[PDB]
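# from the sequence below, what's the structure:
(7 chains)
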Amino acid sequence: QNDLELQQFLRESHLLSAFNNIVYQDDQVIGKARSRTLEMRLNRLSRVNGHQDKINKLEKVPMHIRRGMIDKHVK
Amino acid sequence: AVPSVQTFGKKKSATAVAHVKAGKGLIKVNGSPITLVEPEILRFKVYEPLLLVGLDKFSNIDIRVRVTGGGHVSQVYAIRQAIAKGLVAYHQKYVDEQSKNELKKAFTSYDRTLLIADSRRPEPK
Amino acid sequence: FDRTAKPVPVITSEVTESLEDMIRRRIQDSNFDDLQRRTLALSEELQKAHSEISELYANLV
Amino acid sequence: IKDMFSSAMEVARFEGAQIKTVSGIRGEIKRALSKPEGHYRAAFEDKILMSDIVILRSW
Amino acid sequence: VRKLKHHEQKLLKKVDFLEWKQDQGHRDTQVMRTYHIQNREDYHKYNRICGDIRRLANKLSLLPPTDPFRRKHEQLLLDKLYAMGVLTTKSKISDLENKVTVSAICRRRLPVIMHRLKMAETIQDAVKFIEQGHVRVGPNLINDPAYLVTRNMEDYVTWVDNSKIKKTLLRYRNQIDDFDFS
Amino acid sequence: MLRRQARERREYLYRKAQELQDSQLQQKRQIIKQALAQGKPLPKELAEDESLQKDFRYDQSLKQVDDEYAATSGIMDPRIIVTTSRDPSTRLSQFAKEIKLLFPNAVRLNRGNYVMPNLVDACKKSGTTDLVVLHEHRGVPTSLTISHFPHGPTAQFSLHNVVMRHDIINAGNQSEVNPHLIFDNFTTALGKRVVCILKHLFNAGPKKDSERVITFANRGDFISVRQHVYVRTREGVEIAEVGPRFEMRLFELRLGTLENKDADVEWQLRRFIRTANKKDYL
Amino acid sequence: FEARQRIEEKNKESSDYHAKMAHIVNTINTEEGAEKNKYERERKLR
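Numbering: from 1, shown residues only, chains lettered A, B, ... in the order given. Structure data below:
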């Protein structure tokens, strides 16, 4: 748990599979895996010390669109 | 209006403005006739833009100059540069281009620094 | 009374000698300072990304 | 500056020294003027005026 | 169209005839007004170039950081665009996707440069004097208001010779010299 | 070319002003590069901050000579002119000459009636990298300014305990080979700056065999300079001195050239401060 | 010569004095602050 990199690789296990269908190492990683996983780490580090609304604000989607998305997803 | 043309002459730190307007043929320098431009040895340095091109071209225009700055010899060289540029520039304006060419060939064959600035800009060797 | 400046230091045998021994040590060790006269595979998919971005960059430029 | 000192040997012994004017501006006293005997020149940090009195403390 | 009343506003919540969504804010019309540019297609050509630069910065960003190809290409593209003058500083490398704008390319255009150098009074007069034919860049003169002037040609943009606008400057400052026919 | 030089002055001053405005953004970008590497929480500022986090990919790609010299540090050997004040004296003409011999690639020049703007212009336009103008006091030289030309700094030094080679000893004549340089006890940031000006005034990347070193020893606010020739004996080094010995001392560092007289002032010696004498580089 | 002696002496005397006073102040804060924070830590309880 006090290690810094095994547990990081555990956390972005899923993105790597998703967007490279190995290169877990952060200096051969490429493409949308690189982009999304950087967004991941920054959100975690900022989440421990920022305020809840600004650390995760949601993008703006109109009502019937967002309700439709959540309904399809829950199914 | 009047037909009138202004030119400028320049040696070490002198300056000399010539207004040339069509008139009866007088030449004055700081409000005195040209025949008393002072250092009296170099009066013929001043007369040579007149006597290289004959007097009649100045019989029909009224050239009037003012100088300042510098010393004796520098004001002499500024006056004659301004007069020569004055006469050839008026000739291009208000008579023919051919006579502009003949004037400038006369002054350039004799002494090009009647027309261009003799700038001894330095040299680092 | 006071002064406003330490005055200039008179050059002595001791001062010269200190200076020489500095120089001698730096010249024995030869760590003396000069102005130096300057000079003048990957993976399949990284190679693919490079290729695309180079073609894209050539058209833009 | 004048009549603070009486001879150039005296000024020599005191030169390089601190000095200040009434108005607060500082200076040092630098070289003994030789041709009149008391004076010296001293270089202030701002333009001193004629209505001023330079001083030098000493214990 | 009539400042419609309350019951019908509630029913016609989405109508406007003037400002739609596909007109992105009339951004095009508005920057066109600002720099007095004359072709609809001018704004959208500049946007297609600006779009090229931005997708390229994005693909480079997706390559990994410790990668000398990426480092070389962004350093080289910044120095390209800065020499052209479309972005001002060469340090921050996010300026590719952040501060590269159709408005930046427009303000390197020719009339705006005259206006900035104070050869004009306003961009309408810089355009007007270009179009009447007083401005030159070096030996050859420009009739073309849409000319894009790299920094090193900003050194050379000047008045033409023997224009009446050049004579006015000189006659005012009282330095006409008619041997030049200035 | 006048309009060119002026335009890059205007630009570079601007782009430096930007630099002093983004040192703080430099610092906000360094924090994240620590915290991504070793997992540490971020402050509230960088936490809530989203401009920065949104464009921390590009700036993640981002990452010594002085800046005025960085453009041509190792490429081109300099060209120097060394010139006297105005109506010199016989002793000063000797001093100027042998300074010229001290620096390789220096050309002496006599000033009579060369007004200063014309001297700076003509050097700029001909392309000489820097200019050394020397001031006497009855034979003894007392000042020296050194100024670097494509709009770059001028250091003024005052110079003090002088002895001349030509007037002390005719044991021979100087090597005139690319010398070695020694810069001793220059520590503070201003000290680095003065190292940079003198070092780039010297010549090309000299050989390993050259038996002429030149020492610049900062001892207590006073820069001391000497020339030396040597040999390597089997037990040690035999150093024979040559060239003038004089304590130099810096006392002004303007940013324009030496005509300007209203350029900005990086460092100026202040004598009448309450704690003037206490420190060094003050 | 007397200038060198005077100035060098005076600077040394003032720097040593500064370090002396800082040592007194730092020790007072450290020891007594330990005592006062200990007393207040007790006091909040009872």
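# which residues of chain E lie near chain B?
Counting by C-beta under 8 Å from any C-beta of the partner chain, chain E comes close to chain B at E:175, E:176, E:177, E:178, E:179, E:181. Just so you know, the C-beta spots here come from the backbone N, C-alpha and C atoms, and that holds for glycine as well.
# residue contacts, the fourth one?
Contact analysis of residue E:178 by C-beta atoms under 8 Å, 6 or more residues apart in numbering or on different chains lists B:5, B:6, B:7, B:89, B:90, B:93.
# in strands only, show me these.
Counting by DSSP state E, the members of these that fall within strands are B:5, B:6, B:7.
# residues near the last one, how many?
When you say that, I think you mean residue B:7. Using other C-beta atoms under 10 Å in any protein chain shown, residue B:7 has 26 neighbouring residues.
# check contacts around it.
B:17, B:18, B:20, B:82, B:85, B:86, B:89, E:177, E:178, E:179.
# residue E:149: which of those is nearest?
residue E:177 (28.9 Å; C-beta to C-beta).
# surely the closest one meets residue B:6?
Yes: contact status for residue E:177 versus residue B:6: in contact at 6.9 Å, counting by C-beta atoms under 8 Å.
# and the end-to-end length of stretch F:100-114?
19 Å (C-alpha to C-alpha, to the nearest Å).
# show me the contact partners of it.
Residues outside stretch F:100-114 that contact it (C-beta under 8 Å, 6+ apart): B:122, B:124-125, F:77-88, F:96-97, F:99, F:119, F:128, F:132, F:174, F:176-179, F:201-203, F:214, F:227, F:243-244.
# for stretch F:267-280, same thing?
By C-beta under 8 Å, 6+ apart, stretch F:267-280 touches C:3-6, D:26-28, D:44-45, F:188, F:190, F:220-221, F:250-253, F:282, G:7, G:11, G:14.
# buried set for it?
Under the neighbour-count criterion of 16 or more other C-beta atoms under 10 Å in any protein chain shown, stretch F:267-280 has F:267, F:269, F:272, F:276, F:277 buried.
# sorry, back to before: filter the contacts of stretch F:100-114 down to just the ones in helices.
Among these, the ones falling in helices (DSSP state H) are F:96, F:97, F:99, F:119, F:201.
# the residue nearest the centre of chain E and residue E:116, how far apart?
Geometric centre of chain E, nearest residue: residue E:106, 1.0 Å, by C-alpha atoms, centre = their mean. For residue E:106, the distance to residue E:116 equals 12 Å [C-beta to C-beta, to the nearest Å].
# repeat that for residue F:241.
59 Å.
# next: residue F:63.
Plainly put, residue F:63 is 33 Å away from residue E:116 if you go by C-beta to C-beta.
# please apply the same query to residue F:88.
47 Å.
# so these two - more neighbours on which side?
residue F:88 (20 against 14).
# ok, that one touching residue F:96?
Yes: Residue F:88 is within contact range of residue F:96, at 7.4 Å (criterion: C-beta under 8 Å).
# so which of the buried residues of stretch F:267-280 belong to strands?
Going by DSSP E, the strands hold residue F:267 from the buried residues of stretch F:267-280.
# circling back to that earlier point, now the buried members of the residues of chain E next to chain B.
Here, 16+ other C-beta under 10 Å leaves E:176, E:177, E:178, E:179 buried among those.
# can I get the residues you listed in a markdown table with distance to residue F:4 and secondary structure?
Converted to a markdown table, these look like this (distance: C-beta to C-beta, whole Å; DSSP: H, G, I helix; E, B strand; the rest coil):
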| residue | distance to residue F:4 | secondary structure |
| --- | --- | --- |
| E:176 | 27 | coil |
| E:177 | 25 | coil |
| E:178 | 29 | coil |
| E:179 | 27 | coil |
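# stretch C:22-39 and chain F in contact?
Yes: under the criterion of C-beta under 8 Å from any C-beta, chain F is reached by stretch C:22-39 at C:22-24, C:26-28, C:32-38.
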